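Worksheet for the structure shown next.
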Amino acid sequence: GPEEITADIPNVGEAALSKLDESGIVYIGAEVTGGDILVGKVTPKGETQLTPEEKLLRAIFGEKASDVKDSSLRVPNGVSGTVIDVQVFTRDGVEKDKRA
Amino acid sequence: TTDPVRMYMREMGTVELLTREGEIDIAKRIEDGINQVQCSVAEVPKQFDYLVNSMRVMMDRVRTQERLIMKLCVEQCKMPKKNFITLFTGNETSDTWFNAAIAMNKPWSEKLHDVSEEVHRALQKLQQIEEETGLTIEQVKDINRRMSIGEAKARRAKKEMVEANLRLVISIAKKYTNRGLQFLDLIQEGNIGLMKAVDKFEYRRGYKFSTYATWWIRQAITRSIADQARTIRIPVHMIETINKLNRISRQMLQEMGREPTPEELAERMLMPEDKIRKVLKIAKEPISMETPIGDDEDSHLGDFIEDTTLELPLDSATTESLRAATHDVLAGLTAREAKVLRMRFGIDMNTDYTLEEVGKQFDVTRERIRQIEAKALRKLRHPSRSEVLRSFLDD
DNA sequence: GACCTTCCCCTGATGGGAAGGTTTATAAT
DNA sequence: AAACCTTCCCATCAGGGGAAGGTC
């Protein structure tokens, strides 16, 4: 299925998603460093299988698995700059999000 | 020259062209052969072929009994071939020729008695055909012989027919050359259609064979392209759709000035618009992994491709550590709970088991098990027992 | 208490459709 | 490229039944 730019990403903390808008794009002017997520994206992945040791965790803490992987525009490792421009190209027929 | 395309282009020069009498008289030879077959049928090509094959089947049935009796009376009994043919020619129906050969009283004459038992029943198979096909065992053979002659006439005439007009196949194939398919492939796929045209042409319609051969060869080349060009084969009608879309977008260039709006093709074309984007997304062709890369260097596209099926060792080590941690943790609970957890889940076991599956061999069925799990997970939910495992869940 | 009508699950029954095949005649080498 | 036709495979619709609900 089509990928998503939603800010809702699995396996991430709040300190990381603090720097993204409702659509999941880094705020203009906010300075970042390597590892930070600039554009949150999630590619749909399926047929997840777990070693019974991990299904045990799924049963114990109730932390359910997600049906989507993680591809994100994260700052290249070693460089730390400041966002000066953000452009959004939306295809035809694809509904325009808030940031767009 | 060396290439085989030259060995073909200059080989077909030995066969001269035919027009216009040649066409008609070689077609008459073909029709004369098939007309020899037609009288032989007396005693749409689709049913005609079954009739032909049925005659052939009858002759095979007769020849089977022939060779069986022959092996029995010559190989297994040592009678001379002449003494077999002379006595067997003429009757081929009754057992009258066997008793005479016995009465011959030569040394082999005794071994006939033993194969008489084995030949009598083989002869009944052979004779029954007469009551089926209303013919004698000899007329079958004669009819088949004449019809084979007809086939031979048709064969020689048709091979000459295709050899004569071979050049037209190249004349047609040179138009299509560059469609991801090699040249000889095109000319051969056209020769196939040329043969199919030869077999389905009436020389009496008065038209020139050029037109019919042209139609058939053109179809046999275009459809063959659709079949064998793309590495990922595409349904035959989809290639037609792609060609139509490309033709429309080509024609509208000078109309729109630069290129047409996508929604227009859905208008110009018969198809609604939502499929056009799928038809354009489908057309992408594979890129050779040997494609040179930036800087025009030796690096190629077949290099920058990682392997993503693999799991990084940083995660396999964590898998093993979780294995060990849960192994130490499950031992902290009771033996009942340990077995229940290693059963409902596939821990240290062949496979996972369901509720009644676990309850089957635990002496107390479903609900009991449901009460143990929810309790054990509760007993492990508590911190001071879940910290080492809690370190494994990060979100 | 039965009767008339009602509310949901398996056999397959099928119109729908994608993939496939055979023809096409002015002449055309 | 079009033109009408056959085999195979869908993922869905008329039909049946096993009971189920509600009422003069």
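As they're listed, the protein sequences go chains A and B. Under full-length UniProt numbering, the first residue of the first sequence carries the number 846, and numbering increases by one thereafter. Sequence positions in the second sequence follow full-length UniProt numbering and run 94 to 136, 262 to 613. Note that beta-carbon positions come from the ideal geometry of N, C-alpha and C, so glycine has one too.
Beta-bridge pairing of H331 (chain B) - partner residues as DSSP gives them
DSSP, once it has assigned bridges, lists no residue as partnering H331 (chain B).
Can you check DSSP and say which residues form a bridge with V380 (chain B)?
BP columns for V380 (chain B) are empty, so no partner.
Just to check my reading of the structure: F563 (chain B) and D570 (chain B) have Cβ atoms closer than 8 Å, yes? What is that Cβ distance to the nearest angstrom?
6 Å
Is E849 (chain A) helix, strand or coil when you go by DSSP?
strand
Cross-chain neighbours of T896 (chain A) in chain B, by beta carbon under 7 Å:
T537
In whole angstroms, what separates the C-alpha of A904 (chain A) from that of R919 (chain A)?
Taking the Cα positions, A904 (chain A) is about 32 Å away from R919 (chain A).
Three-state secondary structure assigned by DSSP to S133 (chain B)
helix
Give me the Cα-Cα distance between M273 (chain B) and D417 (chain B), rounded to the nearest whole angstrom.
Roughly 21 Å between the two C-alpha positions.
Interface residues of chain B facing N856 (chain A) [CB-CB closer than 7 Å]:
Per Cβ cutoff of 7 Å: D612, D613.
Tell me, please, whether the CB atom of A860 (chain A) is closer than 8 Å to any CB atom in chain B?
no
Measure the alpha-carbon distance for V547 (chain B) versus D612 (chain B) and round it to whole angstroms.
19 Å
Could you pull the start and end residues of the beta strand (DSSP E) that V108 (chain B) belongs to?
That residue, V108 (chain B), is in no beta strand (DSSP E); it is neither H nor E in DSSP.
Per DSSP, which one or two residues make a beta bridge with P889 (chain A)?
A:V913
Are the Cβ atoms of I355 (chain B) and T311 (chain B) separated by less than 8 Å?
yes
Can you grab the Cα-Cα spacing for the pair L895 (chain A) / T552 (chain B), in whole Å?
25 Å
How many angstroms separate the CA atom of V928 (chain A) from the CA atom of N922 (chain A)?
16 Å
Chain B beta carbons: is any one of them nearer than 8 Å to that of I929 (chain A)?
no
Inter-residue Cα distance where the pair is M288 (chain B) and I119 (chain B):
42 Å
Assign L865 (chain A) to one of three DSSP states: helix, strand, or coil.
Strand at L865 (chain A).
Taking a Cβ distance cut-off of 7 Å, strictly less, list which residues of the segment 900-934 of chain A are near chain B, in chain order.
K900, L901, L902, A904, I905, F906, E908
Which runs of the alpha helix (DSSP H), 4 residues or longer, sit entirely within the segment 562-609 of chain B?
573-578, 584-599, 605-608
Is the segment 290-303 of chain B touching the segment 345-360 of chain B, taking contact as three or more C-beta pairs under 8 Å?
Touching, no, given that fewer than three Cβ pairs across the two stretches are closer than 8 Å.
Cα-Cα, which of B:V582, B:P510, B:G408, B:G115 is closest to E378 (chain B)?
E378 (chain B) has its Cα closest to that of B:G115, out of B:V582, B:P510, B:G408, B:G115.
From what residue to what residue does the alpha helix (DSSP H) around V920 (chain A) run?
Note, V920 (chain A): premise wrong, no alpha helix (DSSP H); not H, not E.
I'd like to know whether the C-beta of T544 (chain B) is nearer than 8 Å to at least one C-beta of chain A.
By this cut-off, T544 (chain B) is an interface position.
Taking the beta carbon of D881 (chain A) as the centre, do at least 16 other beta carbons fall within 10 Å, making it buried, or is it exposed?
buried
Taking buried to mean at least 16 other C-beta atoms within 10 Å of its own C-beta, is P601 (chain B) buried or exposed?
exposed
Best match in A:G907, A:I873, A:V884, A:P897 for proximity to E848 (chain A) [C-alpha to C-alpha]:
Nearest of A:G907, A:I873, A:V884, A:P897 to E848 (chain A), Cα basis: A:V884.
I'd like to know whether the C-beta atoms of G408 (chain B) and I452 (chain B) end up nearer to each other than 8 Å.
Between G408 (chain B) and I452 (chain B), the CB-CB gap reaches or exceeds 8 Å.
Could you check whether the segment 378-392 of chain B touches the segment 414-429 of chain B, counting it as contact only if at least three pairs of C-beta atoms, one from each stretch, sit closer than 8 Å?
yes
Could you check what DSSP says for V387 (chain B) in three-state terms: helix, strand or coil?
helix
Helix, strand or coil at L290 (chain B) [DSSP, three-state]
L290 (chain B): helix per DSSP, three-state reduction.
Scan the segment 439-473 of chain B for residues whose Cβ lies nearer than 8 Å to a Cβ of chain A and list them as they occur along the chain.
none
Out of A:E867, A:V877, A:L865, A:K914, point me to the one whose CA is closest to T893 (chain A)'s CA.
A:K914
So, for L402 (chain B): in the same chain, excluding its five sequence neighbours on each side, which residues have a beta-carbon less than 7 Å away from its beta-carbon?
Excluding sequence neighbours, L402 (chain B) sits near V98.
What does DSSP give as the partner residue(s) for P510 (chain B) in the beta ladder?
B:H518
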